[PDB]
């Protein structure tokens, strides 16, 4: 599968790594009852004062918004990212989350965005996943 760019206007990403899956697969396997480690290498094209992350699961061609626990990336002590972000400098975001047993097993497209304080997209990543 491909970590597709779903449109960003104030940055780009170069690499996404999800511990439970490899891009050689048809869909990204997300294992329940396990810790998932996610990394993104990205570069803002402008100086960024604050970052708010957004996630969506695609259903019926419509991206449905899903709540994140720590959307203010720069204020999360474990993210590895400190604001302000400098223009043209590649940095890396890190996050670990645990997928509960109570998580339904399904296949869906995931859309994941980092926005700045101005609600402009720094990154937009889209990929197919299978929770299994």
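Numbering follows the first chain given and starts at 1.
K.L.:
Looking only at CA atoms, which has the higher mean B factor in the entry: 70-78 or 94-102?
P.N.:
Higher mean C-alpha B-factor: 94-102.
K.L.:
Out of 11-19 and 104-112, which stretch has the higher average CA B-factor listed in the record?
P.N.:
Higher mean C-alpha B-factor in the PDB entry: 104-112.
K.L.:
Which one of 89, 31, 51, 28 shows the biggest C-alpha B-factor in the PDB entry?
P.N.:
Of the options given, 31 has the highest CA B-factor in the PDB entry.
K.L.:
For residue 46, return the chain-relative third of its C-alpha B-factor as stated in the PDB record: lowest, middle or highest.
P.N.:
Its C-alpha B-factor belongs to the middle third of this chain's values.
K.L.:
In terms of the CA temperature factor given in the entry, to which third of its chain does residue 62 belong: lowest, middle or highest?
P.N.:
Highest third of the chain for residue 62's C-alpha B-factor.
K.L.:
Going by what the PDB entry lists, where does residue 6 fall on CA B-factor within its chain: lowest, middle or highest third?
P.N.:
It belongs to the middle third of the chain when residues are ordered by C-alpha B-factor.
K.L.:
Lowest, middle or highest third: which one holds residue 83 when the chain's residues are ordered by CA B-factor from the entry?
P.N.:
Middle third by C-alpha B-factor.
K.L.:
With respect to C-alpha B-factor, does residue 55 fall in the lowest, middle or highest third of the chain as deposited?
P.N.:
Within its chain, residue 55 is a middle-third residue by C-alpha B-factor, going by the deposited values.
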